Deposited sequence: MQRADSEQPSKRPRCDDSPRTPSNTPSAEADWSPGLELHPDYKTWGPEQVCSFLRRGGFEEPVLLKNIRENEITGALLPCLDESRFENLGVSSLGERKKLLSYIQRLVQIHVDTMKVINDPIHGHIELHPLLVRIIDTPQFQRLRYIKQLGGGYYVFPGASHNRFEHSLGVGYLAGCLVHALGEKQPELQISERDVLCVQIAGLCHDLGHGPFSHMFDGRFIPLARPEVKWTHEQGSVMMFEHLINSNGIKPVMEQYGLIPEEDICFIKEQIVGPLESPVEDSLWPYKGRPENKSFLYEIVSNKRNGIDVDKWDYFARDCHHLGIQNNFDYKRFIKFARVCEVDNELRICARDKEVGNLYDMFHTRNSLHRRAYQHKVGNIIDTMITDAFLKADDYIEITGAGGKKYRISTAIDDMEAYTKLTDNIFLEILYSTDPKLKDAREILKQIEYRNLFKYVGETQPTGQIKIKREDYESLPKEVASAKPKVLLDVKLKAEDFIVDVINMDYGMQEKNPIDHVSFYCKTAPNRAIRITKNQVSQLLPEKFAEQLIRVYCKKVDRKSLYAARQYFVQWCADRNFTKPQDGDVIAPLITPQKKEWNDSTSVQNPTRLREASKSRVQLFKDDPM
């Protein structure tokens, strides 16, 4: 029997028993305790949604798209085992997110361990493996028509990409269109984008002006340059524009919110000041750190937004520095905005250099003398990244099996904040920053 789920975005969702068995695990239920938008909840009171609902919706949307392509085109040979593997992929694609979602792999892990290369997608693959073996899922997948060894590789591949000339090994090239459903690496348009476009709009108080149901209802696999890709109906071009406007409207208003991104760096700052003292017991009882729990998936299972409240409710004097940074958020005595810049015509800043940025800003010597000397610890440097226009294929009515004034386009933008709150300190921080942008060949900060 299939469990039914009432989602405020998708209505009733029928979940396959194999999906239900995967959901009913502590590795999956930990997504209940990770905010979708991280620190954005502290600016948008309606954005209380977690990764749990979003993962349920992506699996539903992933199965909706793959099942629609099979019913319209039986020649593609999309099996029910294929539909299940895409559902599991969409359901488990975000298994590797840390506390407060992109706050963790985007900022904290680069700041805590700059030498390691870590993404939440690679954590999804590892946590997916931990979920399967700790809960005996392989016999259940086998029971529902899945060949686990081929299908586990297939599910991991559509989550993270090639695990190691056709580079995918879970499905042959004649089923390549299935790799565009959960996490489209080519144009970035997938059922993941659609879920949290509609989910964030519904929770933030922003309007969604595109119909993802229209996209799935009229999607068709057509041949584009000796390749089988997922093509859209020509009548959906206006729906596609509205999707990009919605994505743009979501970024400028919500994702790139100035206070919401300051609170992200404040939670990151407290996490860094607590990283030497918080204990997370993993495999065999070994105690891990917040930055090292990404190395053992048993410890990572217990690393959620709870770390925020464990620090906040702590009485240990060792966590006093981290605890009072978090109490600053409650009192709304936040870090102060200094300015903004962009590396126009320059190499984009890499994650491995994030930790060196506050020290470069402090060493930047302004020509004007200053009666307050600031150090690197007083500076916060926030690198806000984004991540296709002519990479969507369209099909007409006459040839359904053949391909036929836009939005503003931005890139990396760098913001600097100051932990000091006194007028004289904010002036120097601006001196350091405008100086920094100069010898760093970045755009002049707009006064």
property	result
Non-modelled portions of the deposited polymer sequence, in sequence order	1-113, 278-283, 507-513, 531-540, 584-626
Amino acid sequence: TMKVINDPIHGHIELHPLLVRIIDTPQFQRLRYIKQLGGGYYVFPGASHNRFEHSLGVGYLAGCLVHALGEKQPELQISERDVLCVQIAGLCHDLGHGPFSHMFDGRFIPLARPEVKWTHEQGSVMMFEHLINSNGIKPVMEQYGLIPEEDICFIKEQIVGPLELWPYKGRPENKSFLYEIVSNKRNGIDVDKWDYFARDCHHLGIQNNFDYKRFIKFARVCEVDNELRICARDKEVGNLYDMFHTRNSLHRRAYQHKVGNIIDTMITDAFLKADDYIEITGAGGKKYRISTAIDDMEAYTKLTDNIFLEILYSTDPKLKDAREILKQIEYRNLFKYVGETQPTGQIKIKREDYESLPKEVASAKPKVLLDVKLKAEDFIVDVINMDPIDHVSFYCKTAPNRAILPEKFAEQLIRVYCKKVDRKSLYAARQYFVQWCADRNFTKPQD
From here on, numbers count along this sequence of modelled residues.
query: 363-371 versus 274-282 - which carries the larger mean C-alpha B factor in the record; finding: 363-371
query: Of 226-234 and 253-261, the stretch whose C-alpha atoms average the higher B-factor in the entry; finding: 226-234
query: Most elevated Cα B-factor in the entry, residues 29, 393, 55, 48; finding: 393
query: Highest recorded Cα temperature factor - choice among 380, 386, 64, 37; finding: 386
query: Record-listed C-alpha B factor of residue 357: chain third; finding: highest
query: CA B-factor ranking of residue 44, expressed as a third of its chain; finding: middle
query: Where the record places residue 176 (Cα B-factor, split into thirds across the chain); finding: middle
query: CA B-factor placement of residue 166, once the chain's modelled residues are sorted into thirds; finding: highest
query: Cα B factor band for residue 18 (lowest, middle or highest third within the chain); finding: lowest
